[PDB]
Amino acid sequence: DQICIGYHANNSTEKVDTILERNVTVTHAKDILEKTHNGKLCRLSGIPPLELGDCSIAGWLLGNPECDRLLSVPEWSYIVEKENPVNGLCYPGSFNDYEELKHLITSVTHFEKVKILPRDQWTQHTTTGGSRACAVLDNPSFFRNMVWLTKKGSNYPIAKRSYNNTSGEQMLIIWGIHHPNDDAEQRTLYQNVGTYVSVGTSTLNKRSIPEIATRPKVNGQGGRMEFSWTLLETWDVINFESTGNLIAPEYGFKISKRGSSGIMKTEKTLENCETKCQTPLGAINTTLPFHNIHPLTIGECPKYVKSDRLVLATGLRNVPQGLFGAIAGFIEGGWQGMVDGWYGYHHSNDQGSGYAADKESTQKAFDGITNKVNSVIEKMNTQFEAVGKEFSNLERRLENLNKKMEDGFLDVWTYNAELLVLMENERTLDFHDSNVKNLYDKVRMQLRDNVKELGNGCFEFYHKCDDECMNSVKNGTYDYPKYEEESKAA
C-alpha cells in the first residue's frame, strides 16, 4: 500500500533557455516572438495606401506624362513607392524641401486636384512650350499640371496672376523657375536677361533668380528646372509675379491631414486586405510584443528585435521515464501516464492503481503562468509609428542620427527581451519545482508516522489504505487518528 507524488511528462521536444541552462526540454512552451506575416500590402485601419509604383511623388504632382494618369484615391493612410522610381523629373532639375513635402502628404483626409489658374488666361505669354525630355509618342510635351511661360513674339511682359483659396481646405501649390544653358537661350525664351520669379502669400515670400551654367545633358537637356511648394491657407491669396523664367502651376491640391505616416518602399501592390501593422514584406496580425520581420514598419507594431527565437516556458521540465530539489531531483522522473494535470498522485492498493492529478495545485499553476504570459504581452505599450524616413544627400548627418537612434532601440529591446525570457524561464521551472515540493509536503505532514518516507516521492502505508482512504489523502482530509493502532506495529 503506497501513494506517490509525481508530475507530467509528454512527447514534447520543445526547448527553451534559462539563465542557468541551455536547450531545456519542456512539456509546454509559447513563442512570444512574431515571425510571420501575410505577404500582402493591406489597408491600414480601413484606409488604403496611395500606390505610386514606378513614379515619384514629384513626377506625379507635377504631372510627368508617365505619371499624370495615375489612379489616385481621395484618401490614403500611407504611401508605397519603389526604391528608385523610374519616372520623376522628366525635365531634369531639383525640388526644394522635397522630403518635407513627401512627409506632408504621407497621410491625408482628403486630397483633391483643382484647376486654379486656367492656362489659357496667360493672354500675354506663350504657353504651349514643351520639351523632348517629356516626349510621349513622341512629340515634345511637359509636366501636365504646369505651364511653361515663354515670350510672345519678341515680348515677355511681366506675368502677374493671383488665386484666392476659396476651396474650403488648405491647398498645396507648386511652382518652378527655369535655368537655361546660356544667355542666348535666356533671351530666346524670355527675351530679357536679369529676371525673377516671385511668389507671395500671407506667410510665404519667395524670390528666385535664374542661375545659368554650362551643364552636361540629363535626359538630353542641359537646362534645369527648380521647383518649390507652399501650403495656401483657406481664404488666403497667392501672388505670382515674374519677369521671366516662371514655371506656373495650373493646378493646386486641396488637402486635409489626420496626422502623419511614412513612405514604404516595396514592389508589392494593395490587396483586399486589412491590417494594423504593415511591413515591406507583408502585414502583421499579432498580439505578441516582439517581431523580427522587418525594421521599416508602419502602424501600431510590436517591437522589432534581432533574435530569431523568444520562447517562454509554460509547462515544466519534460523528463520522460531546480531550486526545490523535487523535479528531476528526489522524484527523478515524470509520469508519461498522467494526462489530467501537471502534478498528482499514483497509488497502489488491493483495489488497484493509480494515476490521479491534483486539480487544485494544477489550477493554481495554470492561473499563475497565464498571468506571467499575459504580463509580458499586455504591458507592452504600442502607438502608431512609421519607422522609415526620407533624407537628401546633404543630410547624411541627420540620416545617421536617425540610424543610431533606431540601432540604439534595437539593442535595448533585443538585450532586454532575451534576458527577460532567460530569467522568467528559470523562475518558471522553479515555480513548478516548488509546486511539486509543496504537494509532497501536504502528503507528508498529513501522514507523519502512519507511513514511511520511501524516498523518490513515495509513501509506504503502515495500514490498509483503500480507495476512499487514498482520496482523503489526495484532498487533504486524511484521518490520522483513525489509523493509529495498525502503525508499524503500534
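The first residue of the sequence shown is number 1, and the count goes up from there.
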Q | Gap size, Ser167 back to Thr166 (deposited sequence, no coordinates) | A | none
(Q) On mean Cα temperature factor in this entry, is 441 to 449 or 25 to 33 the higher one? (A) 441 to 449
**Q.** 350 to 358 set against 289 to 297, stretch whose average Cα temperature factor tops the other in the entry
**A.** 350 to 358
Q. Among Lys115, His178, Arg132, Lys372, which carries the highest Cα B-factor?
A. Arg132
Q.
Out of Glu100, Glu418, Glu83, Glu211, whose C-alpha atom has the biggest B factor in the entry?
A. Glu83
Q: Sorting the chain's modelled residues by C-alpha B-factor, tell me whether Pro49 ends up in the lowest, middle or highest third.
A: lowest
Q) By its CA B factor, does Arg43 count among the lowest, middle or highest third of the modelled residues in the chain? A) middle
Q: Could you say whether, by C-alpha temperature factor, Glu226 belongs to the lowest, middle or highest third of its chain?
A: lowest
Q) Should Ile173 be placed in the lowest, middle or highest third of its chain by the C-alpha B factor in the entry? A) lowest
Q) Thinking about Cα B factors across the chain, which third does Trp122 belong to? A) middle
